[PDB]
$ cat target.pdb   # PDB, C-alpha atoms
ATOM      1  CA  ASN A   1       0.674   3.243  -8.660  1.00  0.00           C
ATOM      2  CA  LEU A   2       2.694   0.544  -6.900  1.00  0.00           C
ATOM      3  CA  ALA A   3       4.454  -0.432 -10.133  1.00  0.00           C
ATOM      4  CA  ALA A   4       5.202   3.277 -10.556  1.00  0.00           C
ATOM      5  CA  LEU A   5       7.005   3.155  -7.203  1.00  0.00           C
ATOM      6  CA  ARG A   6       8.974   0.111  -8.368  1.00  0.00           C
ATOM      7  CA  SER A   7       9.926   2.028 -11.516  1.00  0.00           C
ATOM      8  CA  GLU A   8      11.116   4.953  -9.391  1.00  0.00           C
ATOM      9  CA  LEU A   9      12.999   2.529  -7.132  1.00  0.00           C
ATOM     10  CA  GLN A  10      14.749   0.895 -10.092  1.00  0.00           C
ATOM     11  CA  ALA A  11      15.532   4.326 -11.547  1.00  0.00           C
ATOM     12  CA  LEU A  12      17.199   5.234  -8.247  1.00  0.00           C
ATOM     13  CA  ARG A  13      19.184   1.985  -8.400  1.00  0.00           C
ATOM     14  CA  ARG A  14      20.265   2.828 -11.957  1.00  0.00           C
ATOM     15  CA  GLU A  15      21.339   6.329 -10.884  1.00  0.00           C
ATOM     16  CA  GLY A  16      23.517   4.854  -8.119  1.00  0.00           C
ATOM     17  CA  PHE A  17      21.781   6.097  -4.978  1.00  0.00           C
ATOM     18  CA  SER A  18      21.936   4.896  -1.360  1.00  0.00           C
ATOM     19  CA  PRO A  19      21.871   1.069  -1.264  1.00  0.00           C
ATOM     20  CA  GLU A  20      20.856   0.985   2.410  1.00  0.00           C
ATOM     21  CA  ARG A  21      17.702   3.043   1.879  1.00  0.00           C
ATOM     22  CA  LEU A  22      16.783   1.572  -1.514  1.00  0.00           C
ATOM     23  CA  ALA A  23      17.007  -1.856   0.124  1.00  0.00           C
ATOM     24  CA  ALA A  24      14.783  -0.797   3.024  1.00  0.00           C
ATOM     25  CA  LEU A  25      12.389   0.754   0.502  1.00  0.00           C
ATOM     26  CA  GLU A  26      12.339  -2.483  -1.505  1.00  0.00           C
ATOM     27  CA  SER A  27      11.654  -4.667   1.536  1.00  0.00           C
ATOM     28  CA  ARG A  28       9.075  -2.124   2.714  1.00  0.00           C
ATOM     29  CA  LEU A  29       7.435  -2.292  -0.717  1.00  0.00           C
ATOM     30  CA  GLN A  30       7.497  -6.100  -0.626  1.00  0.00           C
ATOM     31  CA  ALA A  31       5.836  -5.955   2.796  1.00  0.00           C
ATOM     32  CA  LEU A  32       3.148  -3.518   1.632  1.00  0.00           C
ATOM     33  CA  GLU A  33       2.331  -5.705  -1.381  1.00  0.00           C
ATOM     34  CA  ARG A  34       2.177  -8.846   0.764  1.00  0.00           C
ATOM     35  CA  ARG A  35      -0.208  -6.938   3.054  1.00  0.00           C
ATOM     36  CA  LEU A  36      -2.336  -5.594   0.196  1.00  0.00           C
ATOM     37  CA  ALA A  37      -2.729  -9.136  -1.150  1.00  0.00           C
ATOM     38  CA  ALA A  38      -3.871 -10.309   2.290  1.00  0.00           C
ATOM     39  CA  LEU A  39      -6.285  -7.372   2.514  1.00  0.00           C
ATOM     40  CA  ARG A  40      -7.701  -8.302  -0.899  1.00  0.00           C
ATOM     41  CA  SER A  41      -8.288 -11.888   0.254  1.00  0.00           C
ATOM     42  CA  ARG A  42     -10.222 -10.654   3.302  1.00  0.00           C
ATOM     43  CA  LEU A  43     -12.606  -8.443   1.315  1.00  0.00           C
ATOM     44  CA  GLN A  44     -12.933 -11.182  -1.316  1.00  0.00           C
ATOM     45  CA  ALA A  45     -13.688 -13.732   1.422  1.00  0.00           C
ATOM     46  CA  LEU A  46     -16.963 -11.911   2.137  1.00  0.00           C
ATOM     47  CA  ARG A  47     -18.164 -12.990  -1.326  1.00  0.00           C
ATOM     48  CA  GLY A  48     -16.301 -16.304  -1.648  1.00  0.00           C
TER      49      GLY A  48
ATOM     50  CA  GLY B   1      -3.802  -1.079  -6.598  1.00  0.00           C
ATOM     51  CA  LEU B   2      -4.534   0.373  -3.176  1.00  0.00           C
ATOM     52  CA  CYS B   3      -7.247   2.638  -4.606  1.00  0.00           C
ATOM     53  CA  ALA B   4      -9.406  -0.345  -5.575  1.00  0.00           C
ATOM     54  CA  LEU B   5      -9.231  -1.711  -2.023  1.00  0.00           C
ATOM     55  CA  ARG B   6     -10.457   1.653  -0.741  1.00  0.00           C
ATOM     56  CA  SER B   7     -13.388   1.583  -3.171  1.00  0.00           C
ATOM     57  CA  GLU B   8     -13.963  -2.075  -2.292  1.00  0.00           C
ATOM     58  CA  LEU B   9     -14.053  -1.079   1.382  1.00  0.00           C
ATOM     59  CA  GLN B  10     -16.274   1.976   0.893  1.00  0.00           C
ATOM     60  CA  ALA B  11     -18.676  -0.199  -1.104  1.00  0.00           C
ATOM     61  CA  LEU B  12     -18.906  -2.685   1.771  1.00  0.00           C
ATOM     62  CA  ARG B  13     -20.035   0.160   4.028  1.00  0.00           C
ATOM     63  CA  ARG B  14     -22.649   0.965   1.377  1.00  0.00           C
ATOM     64  CA  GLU B  15     -23.754  -2.694   1.512  1.00  0.00           C
ATOM     65  CA  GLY B  16     -24.846  -2.231   5.141  1.00  0.00           C
ATOM     66  CA  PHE B  17     -21.570  -3.218   6.819  1.00  0.00           C
ATOM     67  CA  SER B  18     -21.192  -1.174   9.996  1.00  0.00           C
ATOM     68  CA  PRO B  19     -17.893   0.660  10.640  1.00  0.00           C
ATOM     69  CA  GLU B  20     -17.266  -1.691  13.580  1.00  0.00           C
ATOM     70  CA  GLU B  21     -17.254  -4.765  11.322  1.00  0.00           C
ATOM     71  CA  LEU B  22     -14.777  -3.207   8.873  1.00  0.00           C
ATOM     72  CA  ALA B  23     -12.746  -1.693  11.728  1.00  0.00           C
ATOM     73  CA  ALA B  24      -9.981  -4.265  11.259  1.00  0.00           C
ATOM     74  CA  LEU B  25     -10.104  -3.719   7.490  1.00  0.00           C
ATOM     75  CA  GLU B  26     -10.336   0.085   7.583  1.00  0.00           C
ATOM     76  CA  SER B  27      -7.475   0.285  10.089  1.00  0.00           C
ATOM     77  CA  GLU B  28      -5.362  -2.028   7.932  1.00  0.00           C
ATOM     78  CA  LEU B  29      -6.238   0.098   4.892  1.00  0.00           C
ATOM     79  CA  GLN B  30      -5.249   3.402   6.508  1.00  0.00           C
ATOM     80  CA  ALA B  31      -2.088   1.774   7.872  1.00  0.00           C
ATOM     81  CA  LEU B  32      -1.119   0.990   4.275  1.00  0.00           C
ATOM     82  CA  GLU B  33      -2.176   4.421   2.974  1.00  0.00           C
ATOM     83  CA  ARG B  34       0.211   6.180   5.359  1.00  0.00           C
ATOM     84  CA  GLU B  35       2.774   3.480   4.556  1.00  0.00           C
ATOM     85  CA  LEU B  36       2.382   4.507   0.910  1.00  0.00           C
ATOM     86  CA  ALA B  37       2.781   8.214   1.682  1.00  0.00           C
ATOM     87  CA  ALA B  38       5.839   7.494   3.832  1.00  0.00           C
ATOM     88  CA  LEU B  39       7.412   5.364   1.095  1.00  0.00           C
ATOM     89  CA  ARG B  40       6.855   8.167  -1.429  1.00  0.00           C
ATOM     90  CA  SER B  41       8.473  10.774   0.827  1.00  0.00           C
ATOM     91  CA  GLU B  42      11.405   8.390   1.299  1.00  0.00           C
ATOM     92  CA  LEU B  43      11.819   8.436  -2.490  1.00  0.00           C
ATOM     93  CA  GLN B  44      12.003  12.235  -2.451  1.00  0.00           C
ATOM     94  CA  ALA B  45      14.392  11.925   0.506  1.00  0.00           C
ATOM     95  CA  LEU B  46      17.018  10.299  -1.723  1.00  0.00           C
ATOM     96  CA  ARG B  47      16.572  12.807  -4.554  1.00  0.00           C
ATOM     97  CA  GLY B  48      16.649  15.629  -1.989  1.00  0.00           C
TER      98      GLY B  48
END

$ encode --input "target.pdb" --output "structure tokens"
Amino acid sequence: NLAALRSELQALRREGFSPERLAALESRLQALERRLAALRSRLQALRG
Amino acid sequence: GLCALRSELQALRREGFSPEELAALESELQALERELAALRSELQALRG
């Protein structure tokens, strides 16, 4: 579902939408992914 | 994606992990869930 958000983000960049909000949405998406990866490593740490 | 981390967290509770142990993980999960819902509404905000 995250890649689906990236597809919608890129589609908005192709359609020439607001660069200020698409940039904040991109950096917000990069932050959420970098926090999901850390949350995966914590649950995985309980098994190794 | 994020759905697997929810199932991975719910399964830990099924494995005997008390809600106090996963409190840091369940609060980080919900913080990303609402982050995901906010990012989706921001997408509709541009198309709006």

$ closest_atom_pairs --input "target.pdb" --of "chain B" --to "chain A" --cutoff "9 Å" --atoms "all atoms listed in the file" --output "Markdown table"
| residue | atom | partner | partner_atom | distance |
| --- | --- | --- | --- | --- |
| B:1 | CA | A:1 | CA | 6.6 |
| B:2 | CA | A:36 | CA | 7.2 |
| B:3 | CA | A:1 | CA | 8.9 |
| B:5 | CA | A:40 | CA | 6.9 |
| B:8 | CA | A:43 | CA | 7.4 |
| B:9 | CA | A:43 | CA | 7.5 |
| B:12 | CA | A:43 | CA | 8.5 |
| B:25 | CA | A:39 | CA | 7.3 |
| B:28 | CA | A:39 | CA | 7.7 |
| B:29 | CA | A:39 | CA | 7.8 |
| B:32 | CA | A:32 | CA | 6.7 |
| B:35 | CA | A:32 | CA | 7.6 |
| B:36 | CA | A:32 | CA | 8.1 |
| B:39 | CA | A:25 | CA | 6.8 |
| B:40 | CA | A:5 | CA | 7.6 |
| B:42 | CA | A:25 | CA | 7.7 |
| B:43 | CA | A:9 | CA | 7.6 |
| B:46 | CA | A:17 | CA | 7.1 |
| B:47 | CA | A:12 | CA | 8.4 |

$ atom_distance --input "target.pdb" --atom1 "CA of residue 4 (chain B)" --atom2 "CA of residue 11 (chain A)"
26.1 Å

$ atom_distance --input "target.pdb" --atom1 "CA of residue 30 (chain A)" --atom2 "CA of residue 23 (chain B)"
24.1 Å

$ axis_aligned_box --input "target.pdb" --around "region 18-36 of chain B" --padding-each-side "3 Å" --output "JSON"
{"center_x": -9.2, "center_y": 0.7, "center_z": 7.2, "size_x": 30.0, "size_y": 16.9, "size_z": 18.7}

$ atom_distance --input "target.pdb" --atom1 "CA of residue 7 (chain A)" --atom2 "CA of residue 44 (chain B)"
13.8 Å
